[PDB]
């Protein structure tokens, strides 16, 4: 906290706890499905899947592999992005809108381009 | 197929796939059972188990072990035999009738003998 | 106010009264047993002779 | 087979044991919770069936078939035993259309006779059924199915003989037209003004179905 | 055989079961009906009204949703319904008016949904008379 | 050329194994998980090729094309086998001009896609 | 450190870590062409650590009552406590504070696996002020690890087991302590006492953190006399047990 900022630490910690419980319920999502999970669980699980795919980022170096132009995200915007997703402000947006995406703005732009 | 024939190649392959699918679900069988197996999967198991037992063959040299007279089967009849089992023309016959059996005719013969033994 | 004309089966005729009654009482003496007793999430689908089906709808 | 592959695999089996071993105890709770919905549906069932006893209402001389099942799995041999009983009764009257209640059982018969199926239900295996839901299901069978025209209607459900054994059960549902031809009907006073026989069918079909699911 | 065995049960709870009763009053389609010890076997449809089981002691009165009523030849009445309602200590005037008024607005809503509103009006109005 | 017709194909086959393992549960599948399951199962069957039977580039592109898009979805699995040989013989007889453009050019133009598109649909309708 | 021990004092020495030491020693031994044992460790490797840890102890009154505590650190490779080196050390010490990365990720920091972590001395070396509220805390947590799978299932759980989950979630949430933030016994007892009895069960599992803050500050302004009596006496008399309970129920109420 005393380095990256208090806000930065909390957001980072939340993301880690989310991805952990997700991996903890991996034994239930295949043996009992997604319906068996609680209301708090399903809501978390969905988010954990969005954040997970949201961690992926296209590099200008491996542009020949992904076909998508590199994207460089700023730390100041990065933290602001997950923070927003952790608050559930984008529970409507589709998961495929977070896969291979740079800034948070692109997520909304992508989710809208797919709908067409 | 350029040696044992096209049909022989296909029949053999089908036997493998069937046996393989039984092996890939073996883990599930010991844990859950066949009750959890799908309709398509449950039919392949039985059929598979039938093919496996059918593979056995009484050996004249090992008659002193099995107590059953040797059984020499020709390649020509063997192919047609399994092929007939794949087509599902013997799914009524019990598995036991495939165990230590020589010729495919002997299967139906042995199946009939088991009807009189049932009490 | 015909029910057997353009309304619903007799099973539904008493149904509407079952929920209306169960919902006409005190909110304090209303166990959760009655809540889920009026809740349902089942959808029906009409099928054809060729495994075909119609657009899914709520019961 | 390396020490790591055995250590990782041995660990995942242990997780499964914990998932199943807890599934059992949790099951014991839903078991007693379904006894209150089972006894209250049988006692009530005997109230309405008592009438048909003292008053012969048998069927004399197209058929609707309903199968009560769930949608969840991991229940043993419940979607196989019922799918086998209906299969036998289907060999005698193949024309008779079927309307199974359960996406799970659906696929069972949807392979053998994808024609007979003309309606299915989903989302019932969750909790214990109530008359609120039961009467609603029976309602669609009279609106889009038109069960009132079918001469004879049959229902399939699983009767629990014990905690370690089940028995598939079948019980006919006599329609309005079969209430009149009832040998013992004159003994009961009734006014042919309020469609008593008509309104008895639309109600019996609901309760019997509820005592089948519950 | 003295008296009549009553079997008042519901899809969620059973009240009376093979219990002897002196008199019962349950609304029927044809009209209000009464039954005593020996009564002629009648099968009538019950409408959303009020039933009252009588005993030598003070008789209790519950509100019924609806169903069928059959008096067996062997002197045995069987009441079948959906939901039940205690004396008055269960229902509240305030809790009824809320939905009741909203029902008149259901006629204003699409007819598909207004169809059920007409059926509610009746049941609700009878709830007011139960206040007595 | 082959780069265009198969872009996320490897990624798609990854999703297939993801869906194939999850349908092991024995639970019903919706339109999405079954759609990809139908195609993913056939793409795996299209990849099967006999030994001693090398296929040119002009013969790989067309097959993969009809796969990644979804024209095989409406065909039985045991049919994919003869489909390959039949489809090839179809182009070598009728739409042979296209095979010649793909071969030389090695890429797909706006025009070549149009003709190739129509050549595929026309064959599906046949038989 | 023995210096302090011999002269009649107290010294705490932390070996961080013995794992690295063995590696170093192994290197010398091999280069000198001495016989290689399991995993390339010479037979005298155990004699090494045993002749080190046994140096720390508790001198008697006649010797000077001096004392030397040892906290040796061992790094396992994927939880493998069955390895050579670890087996040696674990056999010599008198208890372990097993730590798991997994528990760390969940949030439980420090991730001290209560299940494995043990101490052979136990209460013999624990303040009675805390022992009176800790004797039971090992119980609840014990039953919590057994009924931890149920927490993943629907509300269909009976009330009996459910109660355990209510405690465990909260008792586990209390142990979470930020780094560089040690608390004295006078501040531990109040938190454990409120946890064991179950005065937090009504409080949300999200506010457990701020609960510690606002609760401590409360006592240090209204019940400071209670805290100071626990610090000096080190025990909890029937009077304090009642006074502490009343002060807790009061804060939980106003909360």
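Chains as they are written, first to last, in the entry's author numbering: chain D, 360 to 475; chain F, 360 to 478; chain I, 1 to 59; chain G, 1 to 61, 71 to 223; chain H, 7 to 138; chain C, 384 to 510; chain A, 256 to 510. Backbone N, C-alpha and C fix where the C-beta goes; we use that ideal spot for every residue, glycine too.
CB contact check: residue 409 of chain C to chain B, cutoff 9 angstroms: Of the protein chains in this structure, namely D, F, I, G, H, C and A, none is chain B.
Test: residue 166 of chain G CB closer than 9 angstroms to a CB of chain H: no
Three or more C-beta pairs below 8 angstroms linking the segment 76-88 of chain G and the segment 389-399 of chain F: yes
Where the alpha helix (DSSP H) containing residue 43 of chain I begins and where it ends: Note, residue 43 of chain I: premise wrong, no alpha helix (DSSP H); beta strand (DSSP E) at 43-46.
Near-chain G residues of the segment 404-431 of chain A - C-beta to any C-beta below 9 angstroms: 404, 405, 407, 408, 409, 411, 412, 413, 416
Ranges of the alpha helix (DSSP H) found wholly within the segment 176-205 of chain G, counting only runs of at least 4: 185-189
Residues within the segment 375-387 of chain D neighbouring chain G, beta-carbon criterion of under 8 angstroms: 386, 387
Chain D within 9 angstroms of residue 15 of chain G, Cβ atoms only: yes
Check: residue 382 of chain F C-beta below 8 angstroms from any heavy atom of the ligand ADP: Ligands displayed in this structure: none; no statement on the ligand ADP is therefore possible.
Contact residues within the segment 103-127 of chain G, judged by C-beta distance below 9 angstroms to chain C: 112, 113, 115, 116
Minimum C-alpha distance to residue 212 of chain G - residue among H:119, H:64, H:58, H:17: H:17
Residues near residue 331 of chain A by beta carbon distance below 7 angstroms, same chain, minus five either side: 338, 341
Where residue 489 of chain C sits in the DSSP three-state scheme: coil
Closer than 9 angstroms to chain C by CB, residue 208 of chain G: no
Spatial distance of residue 417 of chain F from residue 425 of chain F (CA atoms): 7 angstroms
Beta carbon of residue 474 of chain F nearer than 9 angstroms to that of residue 467 of chain F: no
Closer than 9 angstroms to chain G by CB, residue 400 of chain F: no
Spatially closest choice to residue 367 of chain F from F:443, F:438, F:463, by CA coordinates: F:438
Rounded straight-line distance, which links the Cα of residue 465 of chain C to that of residue 125 of chain G: 34 angstroms
Residues near residue 498 of chain C by beta carbon distance below 6 angstroms, same chain, minus five either side: 481
4 or more residues per run - each alpha helix (DSSP H) lying fully within the segment 376-451 of chain A: 383-389, 392-401, 414-430
Under 8 angstroms (Cβ pairs) to chain F, residues found in the segment 72-83 of chain G: 82, 83
Chain A contact for residue 24 of chain G (CB, 9 angstroms cutoff): no
Minimum C-alpha distance to residue 467 of chain A - residue among A:500, A:496, A:479, A:506: A:506
Beta-ladder partner(s) of residue 38 of chain H, from DSSP: H:33
Contact set between residue 390 of chain D and chain G, taken where Cβ atoms lie within less than 7 angstroms: 19
Supposed close pair residue 412 of chain C, residue 420 of chain C - CB separation, criterion 8 angstroms: 7 angstroms
Minimum Cβ-Cβ distance from residue 395 of chain F to chain G less than 9 angstroms: yes
Residue-chain proximity (residue 360 of chain A, chain D), Cβ-Cβ < 9 angstroms: yes
Secondary structure of residue 149 of chain G, DSSP reduced to three states: helix
Partners in chain G for residue 18 of chain H, counting only beta-carbon separations shorter than 8 angstroms: 37, 40, 139, 140
Where residue 350 of chain A sits in the DSSP three-state scheme: strand
Interface flag, residue 39 of chain H vs chain I, CB-CB below 9 angstroms: no
Under 9 angstroms by beta carbon: chain I residues contacting residue 98 of chain H: 24, 25, 26, 27
Rounded straight-line distance, which links the Cα of residue 41 of chain I to that of residue 102 of chain G: 33 angstroms
Three-state secondary structure (DSSP) of residue 15 of chain I: helix
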